[PDB]
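Have a look at the structure below, then the notes.
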Amino acid sequence: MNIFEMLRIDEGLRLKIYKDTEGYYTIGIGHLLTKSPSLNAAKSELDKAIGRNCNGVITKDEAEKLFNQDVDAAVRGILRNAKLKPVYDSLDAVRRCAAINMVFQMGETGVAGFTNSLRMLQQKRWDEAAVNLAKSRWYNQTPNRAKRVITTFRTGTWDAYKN
Ligand SMILES: Fc1cccc2ccccc12
């Protein structure tokens, strides 16, 4: 169990352009292409990302390559963010995966409202943090995935992804 396996479970794998839970064009292992309603705009983003004319379809190797880039971008964004890095560095490896998972899903801007959750996590008040994390649009809109991530923060185990 590692961040790649965790996010592969949460995001799945699709080789043709699809829409994410918010209705946005996406491909691969949860790679957001664009928030624009234009499928042509999404196809342009895809071709730019892959480096060839894809017609909205990629290979598994390409999906996995984009995925590695996307995970790394989430990590480096945490490490460059003066608010997120201290909390991240206070966590054990399993809980760090839960943090990366959230940044992958929502970005640095999407986690900006989680200030109180971050404080509870840095204080290692795991049950309180879990309660606080669930008081969110994130939890209400993707509750099964949020429950898995929250259980990971609460327990520091992979139990939610083995179950
Ligand atoms: F503990 C954390 C560290 C860095 C980023 C995070 C994003 C969401 C939730 C928790 C985080």
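FYI, nothing fancy with the structure tokens labels: chains A, B, ... in order, residues from 1 per chain, ligands from 1 as they appear.
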- Exercise answer, 6 Å around ligand 1 with only C-alpha atoms and all ligand atoms, as an MDAnalysis selection string: chainID A and resid 78 84 87:88 99 102:103 111 118 121
Just the selected residues (N, CA and C atoms), exported as a JSON list (two decimals), in the first residue's frame, please.
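So part.json came out as:
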```json
[["chain", "number", "residue", "atom", "x", "y", "z"],
["A", 78, "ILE", "N", 2.47, 20.66, -1.82],
["A", 78, "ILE", "CA", 2.45, 20.64, -0.36],
["A", 78, "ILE", "C", 3.76, 21.18, 0.19],
["A", 84, "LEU", "N", 0.90, 24.21, 4.46],
["A", 84, "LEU", "CA", 0.70, 22.77, 4.37],
["A", 84, "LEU", "C", 1.93, 21.98, 4.80],
["A", 87, "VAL", "N", 2.38, 20.84, 8.58],
["A", 87, "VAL", "CA", 1.45, 19.79, 8.95],
["A", 87, "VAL", "C", 1.85, 18.47, 8.31],
["A", 88, "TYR", "N", 2.15, 18.51, 7.01],
["A", 88, "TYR", "CA", 2.58, 17.31, 6.30],
["A", 88, "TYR", "C", 3.77, 16.65, 6.99],
["A", 99, "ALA", "N", -3.10, 12.98, 3.05],
["A", 99, "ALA", "CA", -2.95, 14.39, 2.70],
["A", 99, "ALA", "C", -2.74, 14.56, 1.21],
["A", 102, "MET", "N", -6.03, 14.14, -0.72],
["A", 102, "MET", "CA", -6.90, 15.31, -0.71],
["A", 102, "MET", "C", -6.39, 16.41, -1.64],
["A", 103, "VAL", "N", -5.08, 16.66, -1.65],
["A", 103, "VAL", "CA", -4.53, 17.68, -2.55],
["A", 103, "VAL", "C", -4.70, 17.27, -4.01],
["A", 111, "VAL", "N", -8.24, 22.80, -0.58],
["A", 111, "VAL", "CA", -7.98, 22.47, 0.83],
["A", 111, "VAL", "C", -7.80, 23.71, 1.70],
["A", 118, "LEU", "N", -6.43, 20.86, 9.65],
["A", 118, "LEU", "CA", -4.97, 20.77, 9.65],
["A", 118, "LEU", "C", -4.41, 20.96, 11.05],
["A", 121, "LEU", "N", -4.99, 17.82, 13.00],
["A", 121, "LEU", "CA", -4.08, 16.78, 12.55],
["A", 121, "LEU", "C", -2.67, 17.01, 13.08]]
```
- Message: Can you pull out every residue from chain A that DSSP, working from the backbone, puts in helix (DSSP H, G or I), and format the result as a PyMOL selection string?
- Response: chain A and resi 3-11+39-50+60-80+84-90+93-110+112-122+126-134+137-141+143-155+159-162
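Using only C-alpha atoms for every distance, the candidate list A:44, A:123, A:21, A:105 yields A:105 as the residue closest to residue 71 of chain A.
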- Message: I want to know what sits within 12 Å of residue 93 of chain A, based on only C-alpha atoms, with residues of the same chain fewer than 4 positions away left out; could you give that as a VMD selection string?
- Response: chain A and resid 1 to 3 88 to 89 97 to 100 152 to 153 156 to 158
Mind running segment 96-152 of chain A against segment 32-36 of chain A at 12 Å and telling me each contacting residue's nearest atom pair with the distance in Å (one decimal), counting only C-alpha atoms, chain and number ascending, as CSV?
```
residue,atom,partner,partner_atom,distance
A:104,CA,A:32,CA,10.0
A:105,CA,A:32,CA,9.4
A:106,CA,A:32,CA,10.6
A:107,CA,A:32,CA,11.0
```
Quick one: write out the picked residues with C-alpha atoms as a PDB file, in the first residue's frame?
```pdb
ATOM      1  CA  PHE A 104      -4.769  15.483  -5.648  1.00  0.00           C
ATOM      2  CA  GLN A 105      -8.557  15.659  -5.538  1.00  0.00           C
ATOM      3  CA  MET A 106      -9.095  19.328  -4.606  1.00  0.00           C
ATOM      4  CA  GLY A 107      -5.786  21.139  -5.129  1.00  0.00           C
TER       5      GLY A 107
END
```
- Closest to residue 159 of chain A among A:53, A:6, A:120, A:39, using only C-alpha atoms?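 Closest candidate: A:6.
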- Non-local contacts of segment 62-65 of chain A (12 Å; only C-alpha atoms; under 2 positions in same chain excluded) as JSON, numbers by chain: {"A": [4, 5, 7, 8, 11, 12, 13, 14, 15, 16, 17, 26, 27, 28, 29, 30, 31, 32, 46, 47, 49, 50, 51, 52, 54, 57, 58, 59, 60, 67, 68, 69, 70, 71, 72]}
- Query: Which one of A:141, A:73, A:124, A:82 sits closest to residue 101 of chain A if you count only C-alpha atoms?
  - Reply: A:73
- Message: Please return, as a PyMOL selection string, all residues of segment 27-83 of chain A that DSSP assigns to strand (DSSP E or B) on the basis of the backbone.
- Response: chain A and resi 27-28+31-34+57
Skip residue 85 of chain A itself and residues of its chain fewer than 4 positions away, then list as an mmCIF file with N, CA and C atoms, in the first residue's frame all residues within 12 Å of it, counting only C-alpha atoms.
```cif
data_model
loop_
_atom_site.group_PDB
_atom_site.id
_atom_site.type_symbol
_atom_site.label_atom_id
_atom_site.label_comp_id
_atom_site.auth_asym_id
_atom_site.auth_seq_id
_atom_site.Cartn_x
_atom_site.Cartn_y
_atom_site.Cartn_z
ATOM 1 N N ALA A 74 1.324 17.100 -6.678
ATOM 2 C CA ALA A 74 0.628 17.295 -5.410
ATOM 3 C C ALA A 74 1.617 17.362 -4.253
ATOM 4 N N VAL A 75 2.576 16.433 -4.223
ATOM 5 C CA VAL A 75 3.591 16.418 -3.172
ATOM 6 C C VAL A 75 4.392 17.712 -3.186
ATOM 7 N N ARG A 76 4.913 18.089 -4.354
ATOM 8 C CA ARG A 76 5.755 19.277 -4.391
ATOM 9 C C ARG A 76 4.964 20.533 -4.042
ATOM 10 N N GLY A 77 3.674 20.570 -4.384
ATOM 11 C CA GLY A 77 2.845 21.696 -3.988
ATOM 12 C C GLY A 77 2.684 21.798 -2.482
ATOM 13 N N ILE A 78 2.467 20.658 -1.819
ATOM 14 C CA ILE A 78 2.449 20.639 -0.357
ATOM 15 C C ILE A 78 3.759 21.182 0.193
ATOM 16 N N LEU A 79 4.880 20.693 -0.337
ATOM 17 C CA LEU A 79 6.186 21.060 0.201
ATOM 18 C C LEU A 79 6.543 22.520 -0.046
ATOM 19 N N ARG A 80 5.946 23.154 -1.054
ATOM 20 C CA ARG A 80 6.204 24.561 -1.329
ATOM 21 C C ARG A 80 5.264 25.491 -0.579
ATOM 22 N N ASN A 81 4.238 24.953 0.071
ATOM 23 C CA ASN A 81 3.198 25.745 0.713
ATOM 24 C C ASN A 81 3.513 25.876 2.198
ATOM 25 N N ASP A 89 4.775 17.450 7.351
ATOM 26 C CA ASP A 89 5.980 16.893 7.948
ATOM 27 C C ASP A 89 5.744 16.367 9.354
ATOM 28 N N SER A 90 4.643 16.750 9.992
ATOM 29 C CA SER A 90 4.321 16.198 11.300
ATOM 30 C C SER A 90 3.696 14.811 11.222
ATOM 31 N N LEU A 91 3.262 14.380 10.038
ATOM 32 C CA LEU A 91 2.512 13.145 9.877
ATOM 33 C C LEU A 91 3.424 11.959 9.589
ATOM 34 N N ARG A 96 0.418 10.833 5.590
ATOM 35 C CA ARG A 96 0.871 11.682 4.492
ATOM 36 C C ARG A 96 0.188 11.296 3.187
ATOM 37 N N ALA A 99 -3.104 12.976 3.050
ATOM 38 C CA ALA A 99 -2.955 14.386 2.703
ATOM 39 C C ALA A 99 -2.743 14.562 1.206
ATOM 40 N N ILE A 100 -1.862 13.756 0.615
ATOM 41 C CA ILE A 100 -1.646 13.850 -0.828
ATOM 42 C C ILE A 100 -2.940 13.568 -1.575
ATOM 43 N N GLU A 108 -4.487 22.763 -3.918
ATOM 44 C CA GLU A 108 -4.172 23.606 -2.770
ATOM 45 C C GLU A 108 -5.312 24.566 -2.453
ATOM 46 N N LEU A 118 -6.425 20.859 9.646
ATOM 47 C CA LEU A 118 -4.969 20.771 9.647
ATOM 48 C C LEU A 118 -4.411 20.960 11.046
ATOM 49 N N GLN A 122 -2.190 18.257 13.028
ATOM 50 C CA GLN A 122 -0.866 18.533 13.574
ATOM 51 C C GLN A 122 -0.809 18.250 15.069
#
```
- Message: Nearest residue to residue 113 of chain A out of A:137, A:130, A:142, A:38, using only C-alpha atoms?
- Response: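 Of all the options, A:137 lies closest to residue 113 of chain A.
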- Message: Could you tell me how far atom CA of residue 22 of chain A sits from atom CA of residue 43 of chain A, in Å to one decimal place?
- Response: 18.1 Å
- Looking at only C-alpha atoms, which of A:92, A:55, A:24, A:134 is the one that sits closest to residue 146 of chain A? A:134
